[PDB]
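Letters A, B, ... are given to chains in the order of the sequence lines, protein chains preceding strands, and every chain is numbered from 1. Just so it is clear, the values below take in all heavy atoms, side chains as well, and ignore hydrogens, waters and symmetry mates.
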Protein chains: 2
Amino acid sequence: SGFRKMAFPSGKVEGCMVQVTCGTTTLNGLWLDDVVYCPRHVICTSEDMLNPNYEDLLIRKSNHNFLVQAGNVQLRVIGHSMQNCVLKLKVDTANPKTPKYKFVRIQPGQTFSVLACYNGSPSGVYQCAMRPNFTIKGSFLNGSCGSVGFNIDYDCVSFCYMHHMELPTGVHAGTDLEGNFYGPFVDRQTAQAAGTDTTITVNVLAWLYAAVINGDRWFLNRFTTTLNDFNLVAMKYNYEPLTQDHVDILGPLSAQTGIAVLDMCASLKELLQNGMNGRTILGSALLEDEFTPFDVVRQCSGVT
Amino acid sequence: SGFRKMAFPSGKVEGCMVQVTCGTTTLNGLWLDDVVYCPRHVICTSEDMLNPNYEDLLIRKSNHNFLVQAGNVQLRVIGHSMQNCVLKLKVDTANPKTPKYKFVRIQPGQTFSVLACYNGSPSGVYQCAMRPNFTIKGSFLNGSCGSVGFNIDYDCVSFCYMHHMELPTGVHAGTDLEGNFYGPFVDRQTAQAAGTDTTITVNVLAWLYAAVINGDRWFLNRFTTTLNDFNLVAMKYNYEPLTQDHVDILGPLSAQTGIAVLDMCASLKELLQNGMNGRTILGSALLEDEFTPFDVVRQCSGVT
């Protein structure tokens, strides 16, 4: 019993973190096989960040200008290339701690663990969601760039995020491991406003199922609804529309609890309309949306 | 910017987790040097848990009855002893991944990371606090016993908790690594009710400092208070009394923000009396008390 914002164990990723320095910029790199992946803005001064031409800045850089340190041992850089917004530094040594891995590009609403790093050294691990506006609400200071987001399926690390940018609003933007930004963001210090941070409806419903499983049941009401009726209310409250695909994904939690998805929708509808009235659900005074249906099943079933 | 419930990177602890089986009971062990530490209730059937005599049950157990598996390799048990509520299984092999470590007994209000494990395999990491009633609000299923709580100071893991028990209220109880329960709890399936779960006042104040640092300032008011006046209000709201020792501990955050501790107390007093009025602080609708002043400084300064 109990339900926590739980991150993946970070060890497999800790084994991959390195320091990358180019001139006076130091950030983090991900070392997988004989390639170190890092944000291309490693090559920028803060002056350059205002209007960088990455291809032109990169011409002035040689392999030996990229200083890669793993622990307190230097890696030899034998090649470098730019792929979208990441650099790939080819080193002469395969990371002996390379886990089984994949690069995945996640969808908004999907959750992942972040290993916050500074100078190639892990400081902390926390759980995030790709927001519907393609920001993430992280905890990142100067030097945190190249920190990565990931999921683990048994022994396979799926890397889904690399940290590049903080927006003036103090929310975060970054890339998949192919260097493609999530959403419309760019690695330039310019006006970049985020769109509406809508609530991830399917995740709230999952978390209400988590609450029922863990004994928090006060919000279960006598009502049901339809997807169309629920969605009129979702729209009004800046919740994402619920699809039949979301209903299908919640099936296992519906089955485990015996509460029909549309009945839980009607409970959520009343919570939106009435509020919590000073009550809590799983120790929260607001409706939590950074647990996926898969997260709730995993945590409630104890997958390793 | 941003402020997250952040756990220590778990890798150093993942390297220590093993499976312990005695008869039909399987739980987790901590392997440090040539000793495996596990809950003594590994020797109990669920029938035994109703009224166990551990010394008498232990007489019927030999070294070879304790099956210790690290990955998919068996460790040879060459000795066993009971220390308070833990067993110490001496094995013939020092854990080659033993980090620098200490055993510490933490005080209520202190926070730590939990590596939730099943069958010696890590499932997740999350942040906890030793509650003022000496419970913790964890996420633990059958098989999670022997999962450990820890802090890390650079490269030294301080182990402070081992998971033993879920109370009928679905809150958690366990020991330090000397096998001494936190609070009055026992490793027996009996009536054990928790006392008042008071709010860790110094931790709330730390988290309000975190909020100011991270741009959330709407709750800063024009008032101050005294420790005695604040404490009259704390008492009424089931907050722990604030001491001058707590004020001293908040000094660095006071200094960084220029907000006197007693001014932040007066802001907290108004929040208690007025509520949040549907507003949030660092994405929470309630006052968070599982960040210590040290946690806020660490996360806000990026210690590795």
Side-chain angles (χ1 to χ4, degrees), chain A residues 1-6 109 111 129 132 196-301, chain B residues 137 139 141 166-171 193-194 197 238 275-280 283-287:
Chain A
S1 269
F3 201 78
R4 276 282 183 180
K5 192 62 70 62
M6 190 176 269
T111 57
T196 309
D197 198 358
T198 58
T199 301
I200 309 156
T201 310
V202 65
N203 287 12
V204 176
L205 282 169
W207 170 85
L208 289 174
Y209 280 108
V212 170
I213 288 169
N214 288 282
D216 279 6
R217 321 202 139 126
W218 64 261
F219 56 87
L220 293 180
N221 63 25
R222 301 180 154 278
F223 318 135
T224 201
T225 185
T226 66
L227 275 187
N228 291 155
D229 176 65
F230 177 77
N231 281 341
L232 291 184
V233 174
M235 166 101 77
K236 163 172 147 89
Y237 285 92
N238 284 149
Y239 271 55
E240 292 292 285
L242 197 66
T243 70
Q244 186 60 44
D245 283 0
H246 295 135
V247 176
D248 292 352
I249 289 159
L250 288 166
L253 287 172
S254 184
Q256 179 184 354
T257 58
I259 300 155
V261 170
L262 286 181
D263 297 0
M264 195 65 91
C265 288
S267 285
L268 171 55
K269 167 173 157 191
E270 297 297 308
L271 284 168
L272 290 179
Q273 288 179 339
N274 300 333
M276 308 273 286
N277 286 111
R279 296 184 284 265
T280 60
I281 302 175
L282 287 176
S284 179
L286 56 72
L287 306 175
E288 296 289 326
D289 76 343
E290 294 197 353
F291 297 100
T292 69
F294 295 101
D295 295 339
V296 171
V297 162
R298 189 181 309 102
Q299 182 167 170
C300 290
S301 91
Chain B
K137 292 176 173 134
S139 184
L141 303 171
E166 189 166 73
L167 302 190
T169 48
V171 299
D197 198 358
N238 284 149
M276 308 273 286
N277 286 111
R279 296 184 284 265
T280 60
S284 179
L286 56 72
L287 306 175

_Could you check whether any side-chain heavy atom of A/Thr111 comes within less than 4.5 Å of a side-chain heavy atom of A/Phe294, counting everything from C-beta outward?_
no
_If you define the side chain from C-beta out and look only at heavy atoms, does anything of B/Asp197 sit under 4.5 Å from B/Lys137?_
yes
Got a donor-acceptor contact below 3.5 angstrom from the [X] side chain to the [Y] backbone?
| X | Y | value |
| --- | --- | --- |
| A/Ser254 | A/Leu250 | no |
| A/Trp218 | A/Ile281 | no |
| A/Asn214 | A/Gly2 | yes |
| A/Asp289 | A/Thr199 | no |

*Closest heavy-atom contact between B/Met276 and B/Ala285?*
CG-O, 3.5 Å
*Heavy-atom pair with the smallest gap, counting every atom of A/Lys5 and A/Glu288*: NZ-OE1, 3.9 Å
*asked:* Suppose we screen for side-chain contact (heavy atoms from CB on, under 4.5 Å). Which residues come up paired with A/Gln256, at least two apart in sequence or across chains?
replied: A/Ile213, A/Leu253
*salt bridge (charged side-chain N to carboxylate O under 4.0 Å, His left out) with A/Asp229: which residues, sequence neighbours excluded?*
A/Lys269
*Let me see the working for A/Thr198 and A/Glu240 under side chain to side chain donor-acceptor pair (under 3.5 Å), right down to the final yes or no.*
CA-CA 6 Å; A/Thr198 58; A/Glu240 292 292 285; 2.5 Å; yes
*Determine, step by step, whether A/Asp263 and A/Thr224 satisfy the side chain to side chain donor-acceptor pair (under 3.5 Å) criterion, reporting the C-alpha distance in whole Å, the side-chain angles of both residues, the deciding distance to 0.1 Å, and the verdict.*
CA-CA 4 Å; A/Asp263 297 0; A/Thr224 201; 2.7 Å; yes
*Report the C-alpha separation of A/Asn238 and A/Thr196 in whole Å, then their side-chain angles, then the decisive distance to 0.1 Å, and conclude whether the side chain to side chain donor-acceptor pair (under 3.5 Å) test is met.*
CA-CA 8 Å; A/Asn238 284 149; A/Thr196 309; 5.6 Å; no
*Could you walk me through whether A/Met6 and A/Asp295 pass the side chain to side chain contact (heavy atoms under 4.5 Å, CB included) check?*
CA-CA 9 Å; A/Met6 190 176 269; A/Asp295 295 339; over 6 Å; no
